[PDB]
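Shown next as structure tokens: one chain only, the form deposited in one PDB entry.
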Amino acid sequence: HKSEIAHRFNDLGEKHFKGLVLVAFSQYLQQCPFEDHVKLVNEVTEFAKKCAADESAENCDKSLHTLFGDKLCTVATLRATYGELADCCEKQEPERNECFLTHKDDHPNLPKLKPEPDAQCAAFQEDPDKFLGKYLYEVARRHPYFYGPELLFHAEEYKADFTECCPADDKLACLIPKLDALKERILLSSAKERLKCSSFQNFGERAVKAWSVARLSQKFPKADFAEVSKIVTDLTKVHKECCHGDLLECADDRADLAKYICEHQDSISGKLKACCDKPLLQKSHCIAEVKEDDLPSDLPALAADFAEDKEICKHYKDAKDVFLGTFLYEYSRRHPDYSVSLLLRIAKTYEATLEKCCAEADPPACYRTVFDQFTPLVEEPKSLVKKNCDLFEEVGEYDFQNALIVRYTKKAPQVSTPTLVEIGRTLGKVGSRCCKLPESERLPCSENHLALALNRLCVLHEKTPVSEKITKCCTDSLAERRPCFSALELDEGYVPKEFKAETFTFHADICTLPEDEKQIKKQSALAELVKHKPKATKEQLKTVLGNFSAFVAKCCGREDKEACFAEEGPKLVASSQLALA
């Protein structure tokens, strides 16, 4: 392949190629107007066609990286709008892209994209191409590590929704449920993918493969070890390319993998057939989301091979990584009911046990009981989910979020209020989604979702580190991350944040906010109450918040809203203090 970009263009097709370039640019250059991005995509795409037709043309042999980078450095507003991102252009590859990646913004704080059915159907009417391009543009800029080929797929869902619902008399009736569900799907996928990219960055490729050996062994328990390994090797390569911004290569390799999975579905899983009848993007998504296959009925006990066999230290000496990979695959396929981290924790203990045991002068004797060690590990997660789902089913979502906001704020009161509020809200929604699920599916859902929320917190906290405890938990070890967070507790040495009346002062402009923005303001007040009076109980904190909430509702219902806030406000701010002693 003389020319990489011809090759990409040839393999991907003009539409998706175009689509991926729009996405890539929107992730790198998050503020630029949609129109500026359209032009860039068109330029790159032109040059691609020149090359596909003639690979000797000036510059067609340069790497995609180099071509994209040079293109980014061309932007007329780069310095003006993106500032020090412009300094990256002085660097050379591969450092240039590294430098660009660091400057992707994980908290871009763009206006909340909400469904406006009368509005959007008519935008869908006025110009559709701009409409489906904009969607990709808006999602990409808000989620700078979003999984390239998956975004193009959600766009199609987006198109299919509008095309169906905009003709009916009752567009909103049809439309809103659909868009609401799609926002949720986007959030979850973006969090899933950010965790992969975070793992590459902080723990490396090894950690990403183990995580993936576990997950895929659970999904495809029927598959033998060499399949799993092959698929995992290819999928890691794919996600590494996407996390680094190489969306064309990412996508091209992803189509190859989807092809491979579909040509070997008999040897992988029986739940693949419907997926493998689909067009490309649908097919890849369908595979990404496939239900776990049924446990096979011919699997032996793991003891024989992993506790009883007397040459185990021998094997473990010769092929450490391989042999432990074999343990992880075997253990994970038997346990479709465990979170990926729990599995990884288990594997780490096994590895640790062998190194301990294999120095002792009779290793069979001790590692004989290695499986006893996994009991307490399995049990802890089971307790946390039961503790949380119990609280959730009792008090409802909003109260659950509140209880989590308080709990996390006590653990890490230095962390910003916007971040504390976000994790707590996110974790409340996990309660709604996960708790109603069968126990075989509840542990994994809440713990796999919890992993994603902790990662988000660590991503935000790494932008501007403020708590050492948090850094330690975020950077020590992916498998121990949840236990590390669970162990955090209010430090005896924490100095309360000094009181600031303004921080608890509300005004009428809250009345015109969306409900969820209303709750965010209230929930932010909650976190600050905790920062100022950290020793206050959750029950005292719930009462004070109830009083602010009753105050806001009333004043927002008043004829003279502003007079109500002005008179009533200071009374609350005063009494709040004493209520939290």
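Sequential numbering from 1, following the sequence displayed. By rigid core we mean the largest C-alpha set that fits within 1.5 Å across both forms.
Omitted here: the form deposited in another entry. The next part is about that form.
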Candidates 303, 352, 119, 295; compared between this form and the one not shown on the rigid core, the one with a C-alpha shift of 2 angstroms or more is 119
Is residue 82 one of the residues whose C-alpha moves 2 Å or more between this form and the one not shown after the core fit?
yes
Look at residue 13 and decide if its Cα position differs by 2 Å or more between this form and the one not shown after superposing on the rigid core.
no
My question is whether residue 552 is one of the residues whose C-alpha shifts by 2 Å or more between this form and the one not shown, given a fit on the rigid core.
yes
